[PDB]
Amino acid sequence: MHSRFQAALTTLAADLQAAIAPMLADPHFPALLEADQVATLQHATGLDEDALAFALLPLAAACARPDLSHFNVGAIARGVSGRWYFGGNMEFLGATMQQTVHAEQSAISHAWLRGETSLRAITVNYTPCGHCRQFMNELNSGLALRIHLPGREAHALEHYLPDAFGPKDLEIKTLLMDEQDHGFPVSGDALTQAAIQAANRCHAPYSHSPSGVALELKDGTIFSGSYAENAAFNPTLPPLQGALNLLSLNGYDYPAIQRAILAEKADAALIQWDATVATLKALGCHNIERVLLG
Amino acid sequence: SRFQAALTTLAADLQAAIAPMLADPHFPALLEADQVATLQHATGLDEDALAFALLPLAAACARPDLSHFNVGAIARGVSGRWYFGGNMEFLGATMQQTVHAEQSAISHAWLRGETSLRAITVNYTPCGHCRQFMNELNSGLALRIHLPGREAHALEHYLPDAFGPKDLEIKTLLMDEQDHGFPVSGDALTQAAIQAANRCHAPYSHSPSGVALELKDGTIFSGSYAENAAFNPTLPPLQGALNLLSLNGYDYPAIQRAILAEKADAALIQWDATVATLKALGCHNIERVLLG
Ligand SMILES: [Zn+2]
Ligand SMILES: [Zn+2]
């Protein structure tokens, strides 16, 4: 009868608890809401969209894995499709600060890896840090993305990132979440296809090093992550983190991993192999193999 | 002579005043206060205009091996010393191992014992990663950021509604004096690595680490771990040592021996990233010294 949501649920208004309870019954609730589910919660609570997003933040934060700090952070990315995607921060004991995932990166890559074409807004509890402001300026929403914070007026990303640097200053015209297909041939079994398709839609205009990770779980589920570079370089999200983000957001723990594949080019400018191996080993996963692109 | 090209870009008077200061092949990529004063006398520039004019020399120190876009920065210490920085990118590694020019210059001043910075001068607006990095320093949001053809501004101007160590109630900020007290012993390179760990900044994980590199001619360069309140802009200890190595006019083939000092059972572990990055740079003599 375990549930990562129970304690957080007690902190929610009674009407929202009742409304979302049928949606959270599945232990592997996908930590996203279809547009019709957003409408159902609005009807069952009377909240407008901004207030409902704020009210849901404790459930997103309850998905987080702050194994080092114990400080749960949540975020909700609102797609133009009308779907909303939860994110939570992730920290990895035995790895490094560079492997950590902020809640904003978690929610944004959640939307992107589920095929959302762009975001209209993001809702958080605390002002995104400079690393996240730089991450968001990679997106096709650019400086116009609406940032929603409790008890304050909504503002565009421009408000938080004066004199911004981003892909346009590098004359990049295909932005993160724009449609991309690098055309590597897809073949093999379900997990191999997934890893190659993840690499095919990755965002890497600075190093031209495509990469993707796919994980196959004990119950047969596959989650994949696509590499997402950033104009400022360091806020880049590696492909492993995207896959681990989805795995955790979907209610799994790292021992659920039964197979793991990294698809990349063995002689690309940048190589994800070593960090992928190291971070998986920190999580107790020793089973990782490479599918070679090109 | 990695400065020869950049030197041709300077005004004649500045060229003639500084070209002697760059005489030694391993010019330490910093200027003493008396050297800044000499350059000011020989050009009549105020310190802001001099720093702007010196940015091509700092940028000449950079190693943008991926992008080929050199970025320079000049960190003005409260001592009056100026410290050059340049960006570093590492082929065969990842985007996470990158060092921004601002991080380079601040790390330079810090590892040379500068107590705090009064300002930083750059040619391009610092990115959000660098704005967050700079909010770790004991100069806080008041640090002055100087950009060409722009009004100078506090870091507060570039990072509204900032998050930093002060929000986590950290009272020992980056560049404040720290000494974690681990016992120093062994050969010179081992002691350098332990000393590097003793002055590192790690209030979030309490995972101390330092790296020391021994070059073929016997020179040792070390780097201390520097965490960041936002976590990801953290500078690993290896990056600090490679920064110093390159800024002082060396290339990675000169590395003969490398040591990481850290706690075996620490919450965060630098060993695997350190080995993998050094291996991408052709160094395979890497040992680990364990802190109590
Ligand atoms: Zn952040
Ligand atoms: Zn930067």
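Don't overthink the numbers, they just go from 1 along the chain as shown.
Method reported for this entry: X-ray crystallography, 2.1 Å.
Placed from the backbone N, Cα and C atoms, the Cβ positions cover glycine too.
According to Swiss-Prot, the residue from A:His102, A:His110, A:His148, A:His155 that belongs to the Zn(2+) site alongside A:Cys129, A:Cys132 is A:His102. DSSP assigns A:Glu91 (substrate binding site) to a strand in the three-state reduction. Applying an under-8 Å Cβ distance to chain B, the recorded positions A:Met90, A:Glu104, A:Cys129 reduce to A:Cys129. When the binding-site residues A:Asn89, A:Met90, A:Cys129 are checked against ligand 1, A:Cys129 have a Cβ within less than 6 Å of one of its atoms.
Distances between the Cα of A:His102 (Zn(2+) binding site) and those of the binding-site residues A:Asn89, A:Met90, A:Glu91 are shortest for A:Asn89. The binding-site residues considered are A:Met90, A:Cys129, A:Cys132; of these, A:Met90 has the fewest other C-beta atoms within 10 angstroms of its C-beta. Counting residues per DSSP class in helix, strand and coil order gives 43 helix, 28 strand, 50 coil for the domain 'CMP/dCMP-type deaminase 1' (A:48-168).
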